[PDB]
Amino acid sequence: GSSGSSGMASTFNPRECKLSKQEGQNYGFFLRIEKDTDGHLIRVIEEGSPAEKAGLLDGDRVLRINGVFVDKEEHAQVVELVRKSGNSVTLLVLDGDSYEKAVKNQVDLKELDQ
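Under PDB author numbering, the very last position in the sequence shown is 114; numbers go up by exactly one each time.
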């Protein structure tokens with residue numbers, strides 16, 4: 001059963017990303033992780049790359065990948081999705097402050113749908 005809810009609590013302002021690359025070519029960025037760190041880590045952001053153009057910064061946490069909550073998923077679960085995603089991949093990056101306030105208020109982040 002799909003019942004409609006009434007009375008939202010709070011909602012953050014996530015940043016959407018639209019990456020575009022050719023078949024065989026690379027995006028420019030890579031999905032990495034850091035010890036004792038929440039969310040996903042993004043390092044190796046080449047210059048003038050199609051990955052950064054999407055406001056992609058270092059350490060940026062990708063709430064969901066291609067429109068899929070990848071918080072509990074494994075580094076392998078994401079990377080793969082990014083591939084099947086297609087020529088164009090979407091990513092949702094949240095601000096540190098916001099994220100922190102979320103992980104602290106146990107606020108469902110997966111819900112965040114830009």
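Each residue gets a CB set at the ideal place from its N, CA and C atoms; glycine is no exception.
Of all the options 104, 4 and 19, which has the alpha carbon lying nearest to the alpha carbon of residue 52? Closest by alpha carbon: 19.
Out of 12, 83, 58 and 3, which one is the CA nearest neighbour of residue 105? Residue 12 holds the alpha-carbon nearest to the alpha-carbon of residue 105 among 12, 83, 58 and 3.
Tell me, which residues are paired with residue 20 by DSSP? Answer is 88.
Nearest-angstrom Cα separation, counted from residue 98 out to residue 44: Each residue's alpha carbon lies about 24 Å from the other.
Within the same chain, show all residues whose beta-carbon is closer than 6 Å to that of residue 94, passing over the 5 residues directly before and after it, in chain order. Non-local beta-carbon contacts of residue 94 in its own chain, meaning distances under 6 Å to residues more than five positions away in sequence, involve 14, 61 and 63 in chain order.
Specify, as a first and last residue, the run of the alpha helix (DSSP H) that residue 103 falls within. That run of the alpha helix (DSSP H) goes 96 to 105.
Given residue 47, which residues of its chain have a CB within under 8 Å of its CB, disregarding the five upstream and five downstream residues? Cβ within range, chain order: n/a, list empty.
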